[PDB]
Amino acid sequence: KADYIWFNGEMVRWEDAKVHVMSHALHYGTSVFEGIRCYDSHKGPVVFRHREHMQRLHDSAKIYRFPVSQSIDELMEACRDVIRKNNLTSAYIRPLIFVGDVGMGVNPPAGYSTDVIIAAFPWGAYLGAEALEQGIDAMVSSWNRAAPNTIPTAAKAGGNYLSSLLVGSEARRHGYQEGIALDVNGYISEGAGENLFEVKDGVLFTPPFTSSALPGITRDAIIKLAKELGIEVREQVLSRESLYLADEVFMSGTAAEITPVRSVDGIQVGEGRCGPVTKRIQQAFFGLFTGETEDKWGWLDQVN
C-alpha cells in the first residue's frame, strides 16, 4: 500500500481507487497487467527495463484487442509520476489495463474503452526474505500450464492466473515455496509466476516460449547478461527429470528477481545452496544498480 494510485490520468488517493462490482474484468478475467520494479541505484531511483514492460502491456492488450488510449511514453511518465507522487525510491509497480463497467456480455460493446491503473508500493522478495540468498525448495505441480492456442501464454493477462493459483497454491499446501508447472506435453514450462533456468556443465538452459512459458523480461535480461559473462545459453525444451540432474536451478521474475532453487520434489540440487553460475548471474544483475555492471543496454530508466 501507498498514498496514491494513478487512475485514468489522475492521481487518486489509494482508498478512493474503486470500481463497480459489475466491471467486466471481475466477471471475465478481461485484463492485462505488468510487474515492474524501481530500484535505488548510483544513478538514483531507476525503473528496470521500463519501456520493455509498457511495450508488453500494449502487446498483451493488442492480442485480446483491448483498446488502449495511453501511448507507451504516457504510461511511462504516468508510472514515474506515481513513484514520485508517493515518495518512493525503490518499489514494485503494478500497471493494470482492464475492461470496466460496460455491460455483462463477455463480448464488450462496440466502441468501449478500457480503464487503466498504476500502483507503486514497496514489496519484499516474492519467494521469501531468505530466498535470494539461500534458495528455495520447489515442487513440480500436478496441474499443467495452458495448452498452445487456448489462452495465449505470451500475453500477461489476469484471467491466466487461475492457473498460476492452482500450481502455486499446491506447492505451498505441500510445504514448498513455489510450484513448477509442466506443459501439456510433459516438459518443463515454468514456475507459477517465474521463468525457470537450469545449469549443467556450465551451460545455462531455459525453455522456449512455445513450452507455454511467458516471455519473461527478467528472463531476457539474464540471457543477455549470461552472454556478456561468457556463459553459453541454450533455449530448448527440458524434460521433467532434468530438474533432478541439473548442477544448478533458479527462477527469474520481476517480483522474484533471481531466486536459487536448492531442491525440487525433495531432491537436492547440487550442494543445496546458491550455485556458482547462479551467483555470477545474480551478482551481475544487481551490480547494475551499483554501477559495477555496465548498463550496456540502457535498462535503467531514471525516475527523477
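Residues carry their position along the shown sequence, with the first being 1. Rigid core: the largest C-alpha set superposing within 1.5 Å between the two forms.
Asks: Taking C-alpha RMS after core alignment, which stretch differs more from the shown form in 4 other deposited structures of this protein: 115-123, or 72-80?
Replies: It is 115-123 whose C-alphas lie farther from the shown form in 4 other deposited structures of this protein.
Asks: Superpose by the rigid core: which stretch, 267-275 or 247-255, shows more Cα shift in 4 other deposited structures of this protein?
Replies: Between 267-275 and 247-255, greater C-alpha deviation in 4 other deposited structures of this protein belongs to 267-275.
Asks: Of the other PDB entries for this protein whose models extend past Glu170 on both sides, does at least a third leave it without coordinates?
Replies: No: coordinates for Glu170 present in every compared entry.
Asks: In at least a third of the other entries we lined up, does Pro95 end up with no coordinates?
Replies: No, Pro95 is modelled in every one of the other compared entries that cover both of its flanks.
Asks: For the higher mean C-alpha B factor in the entry, choose 289-297 or 20-28.
Replies: The stretch with the larger average C-alpha B-factor is 289-297.
Asks: Which is higher on mean Cα B factor in this entry, 91-99 or 140-148?
Replies: The entry gives the higher C-alpha B-factor average to 91-99.
Asks: At the C-alpha atoms, which of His58, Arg240, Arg273, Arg65 reaches the highest B-factor in this entry?
Replies: Most elevated C-alpha B-factor of the set, per the entry: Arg273.
Asks: By the entry's C-alpha temperature factors, tell me which of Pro207, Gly168, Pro215, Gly128 sits highest.
Replies: That would be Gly128.
Asks: Please place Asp115 in the lowest, middle or highest third of its chain by C-alpha B factor as given in the entry.
Replies: Within its chain, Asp115 is a middle-third residue by C-alpha B-factor, going by the deposited values.
Asks: Based on the deposited C-alpha B factors for this chain, I'd like to know if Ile83 is in the lowest, middle or highest third.
Replies: Answer is highest: the recorded C-alpha B-factor places it there.
Asks: Name the third of the chain's ranked CA B-factors that contains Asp40, choosing lowest, middle or highest.
Replies: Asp40: CA B-factor falls in the highest third of its chain.
Asks: Would you check the entry's CA temperature factor for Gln134 and let me know if it's in the chain's lowest, middle or highest third?
Replies: According to the entry, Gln134 has a C-alpha B-factor in the chain's highest third.
Asks: What third of the chain does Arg234 rank in for C-alpha temperature factor, lowest, middle or highest?
Replies: For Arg234, the deposited C-alpha B-factor lands in the middle third.
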